């Protein structure tokens, strides 16, 4: 997250870290058994880390749970990042508490201008590299579809939306991929892609979660 702020320990209790020997992506807990992330975060041997603040220090509220299975969306296209969504099942159910909590799925899309909370452990610099140890947060509005498509002509599908600031300086980053965009108490987006981070007229692009709720519900019910 570039241009954001330190969230505060466990203030985003649905935020998970995906670990394969190191943090590599975010995710969101959607019930005690299931995490949603980005398909471009797929790899084998994922351990889900819940209750994290400082990802480099055991602080006492963590749960580390191996994934038993990962399911990439059937229509995921790695060339265009269309349908950039994946589900991860936990080998054992998480223990829900004030620091480890699920986020509700949306019933409908959010309107342009709605304020959202974006979070993750990604790079905090727009040109250089500096990775934080504690969770970072950004408040960012949903941008109009026209401003989103104007920024990325030929590249935005109906399964994507933009959020952030056309003036730059505030964006998600590499390392935030797969993490949540939460608006009005619902998981509206997944950190997906963008043109670098915090550049001018190139806002962040996010998977449009509301388009996938039927697939999420059917897939988790059958797995």
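Positions refer to the first chain, counted from 1.
- Just going by the entry, 211-219 versus 197-205 on mean CA temperature factor gives the higher value to 197-205.
- Per the PDB record, of the two stretches 155-163 and 168-176, 168-176 carries the greater mean B-factor over its C-alpha atoms.
- Between the residues 88, 105, 94, 140, the entry's highest C-alpha temperature factor is the one at 140.
- For the set 37, 44, 56, 66, the PDB entry puts the maximum C-alpha B factor at 44.
- Looking at the C-alpha B-factors along this chain, the one for residue 113 belongs to the highest third.
- Among the modelled residues of its chain, residue 185 has a C-alpha B-factor that falls in the highest third, as given in the PDB entry.
- When the CA B factors of the chain's modelled residues are split into thirds, the value for residue 120 lands in the lowest one.
- Per-chain ranking of the deposited C-alpha B factor places residue 127 in the highest third.
- Ranked against the other modelled residues of its chain, the C-alpha B-factor of residue 98 as given in the entry falls in the highest third.
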